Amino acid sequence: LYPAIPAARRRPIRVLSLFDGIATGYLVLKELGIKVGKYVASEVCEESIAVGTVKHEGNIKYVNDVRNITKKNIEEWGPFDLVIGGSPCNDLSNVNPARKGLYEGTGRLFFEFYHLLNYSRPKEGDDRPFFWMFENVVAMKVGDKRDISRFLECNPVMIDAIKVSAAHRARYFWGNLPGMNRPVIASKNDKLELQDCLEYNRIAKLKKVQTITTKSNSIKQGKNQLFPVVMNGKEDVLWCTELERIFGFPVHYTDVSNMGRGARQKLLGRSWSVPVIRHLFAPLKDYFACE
């Protein structure tokens, strides 16, 4: 365990976010009250970058595709107090029958996180604080989960968003954050039931919904594939504002770039559950400045 830091010696946090997506990492850090000194984001999706820049007003330094981040980039942009990221899981999750493992396809991109992490690590003799985290799906081959744990020299903590959200989202979390194995607990403002996430004059058929993916089919629940919502006595799918409240994102967080239903669900379907990440980043406010 790293030594406690006096409140006066604390400086703002400097974050390197790989595969940043829609800047969930920056969002939870800001909503925790933590001062964000620098947030270097590696992201290639145009719409994702549009969300991060517009919703956060240019506080995020975007450093496009991760495989073009050199060693010199790390120490120039650094030092980094936090290195987070979640690699694409299209070739790792079991929802894809044509997944290619983590040695082919997009599964290789994990090793870019591994590669850049050891760059960002403080060299020997520097006992300054340094925290990191890596997220991915549970439904991966045991060999993949084995090797990821080997390269990170750490075993993951599984946290399901079912306990803090209205959706099933079971994900592995490697890292060294303080107290990741602690029992997660819900907050007052945690929208725990689908009815809490819906708009006016809409009825929820379930308390909790199945795992949200990029595709529209994951919204129809079960083998029945029933519609999860009823309004005006008519069955309906979830709304973009409702998907946002399910993930714990601010309302209209993805109302950017003239995106429609499918585009906004694609960004949200791959994102992080905000309250899960809030649970993980919460003990960081004892090591960095807050206002």
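Just so we're on the same page, rigid core means the largest C-alpha set that superposes within 1.5 Å between forms. A residue's number is simply how far along the shown sequence it sits, counting from 1.
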RMS Cα shift after core superposition in 5 other deposited structures of this protein, winner of 240 to 248 and 225 to 233 = 225 to 233
request  = Between 92 to 100 and 114 to 122, pick out the one whose C-alpha positions differ more from the shown form in 5 other deposited structures of this protein, using the rigid core for superposition.
outcome  = 92 to 100
Unresolved residue 220 in a third or more of other entries flanked by modelled residues = yes
key: 241 to 249 set against 225 to 233, stretch whose average Cα temperature factor tops the other in the entry   = 225 to 233
remark   = Entry B factor averaged over C-alpha atoms, 181 to 189 against 194 to 202: higher for 181 to 189
remark   = Scanning 270, 14, 11, 279 for peak Cα temperature factor in the entry gives 11
ask   = Going by the entry, which of 94, 87, 210, 165 has the most elevated CA B factor?
value = 94
request  = Grab the CA temperature factor for residue 142 from the record and place it in the lowest, middle or highest third of its chain.
outcome  = highest
Residue 102 CA temperature factor, ranked by third within the chain = highest
note = So, residue 266's CA B-factor, relative to its chain, sits in which third? The lowest
note = Split the chain's modelled residues into thirds by Cα B-factor; residue 55 lands in the lowest
task = Could you say whether, by C-alpha temperature factor, residue 159 belongs to the lowest, middle or highest third of its chain?
result = lowest
